[PDB]
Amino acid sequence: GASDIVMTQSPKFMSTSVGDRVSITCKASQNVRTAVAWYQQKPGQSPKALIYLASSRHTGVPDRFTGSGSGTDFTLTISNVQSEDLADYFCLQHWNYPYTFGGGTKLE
């Protein structure tokens, strides 16, 4: 539908060295307040939640992962990048139906 919220996620992919800090952004086409979650997904595995409500860390997620933003602009920052972090990352908005995801970012 024309009124569906689009989550525009950038970058599409990136490479970095261990120890570096990287950022992933998501632009919502409509104001979604703080109803944005971020996920990590490794090949052959299901997504695992990293951040919810824009900035809270899910249980057990290391503080190397930070979320910020509200309204239409959201960022996931991964500090001290580790080998374990090479994966896909996705945002999700759950402000209004239909719920929609960003297109993904591959960290390689």
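All residue numbers are counted from 1 along the displayed sequence.
- Checked against the record, the higher mean CA B factor of 34-42 and 60-68 lies with 60-68.
- Two stretches are in play, 43-51 and 22-30, and the higher mean C-alpha B-factor belongs to 43-51.
- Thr75 sits in the lowest third of its chain by CA B factor, as recorded in the PDB entry.
- In the deposited entry, the Cα temperature factor of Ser3 places it in the highest third of its chain's modelled residues.
- Per the deposited record, the Cα B-factor of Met14 falls in the middle third when ranked against the other modelled residues of its chain.
- Residue-level temperature factors show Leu92 in the lowest third of its chain, judged at the C-alpha atom.
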